[PDB]
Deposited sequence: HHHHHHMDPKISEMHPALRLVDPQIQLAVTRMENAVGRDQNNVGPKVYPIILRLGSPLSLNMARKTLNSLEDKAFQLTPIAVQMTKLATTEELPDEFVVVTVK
């Protein structure tokens, strides 16, 4: 269990207002940024450059912000 906080560079936008992200990880998570910049003479492909997400196991509950979103993975 052990709720972990996502670094402030990765936040959720809900419609807008942007919220910190808390993870209740039951399964590992991956994050890839996709862009259509693999360009041929007629087509274009997607390149998946993975994003490194710094996660911090929440030390004490009093570190939690006043409002945030919680992503729970079974």
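According to the record, no C-alpha positions are given for deposited positions 1 to 15, 31 to 44, numbered from 1.
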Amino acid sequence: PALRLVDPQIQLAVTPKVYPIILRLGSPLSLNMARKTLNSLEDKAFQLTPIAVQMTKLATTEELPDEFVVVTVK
From here on, numbers count along this sequence of modelled residues.
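Remark: stretch with higher mean C-alpha B factor among 5 to 13 and 48 to 56 is 48 to 56. The entry lists C-alpha B-factors for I21, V18, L64, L25, and the highest of these is at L25. For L31, the recorded CA B-factor ranks within the middle third of the chain. Only modelled residues enter the ranking.
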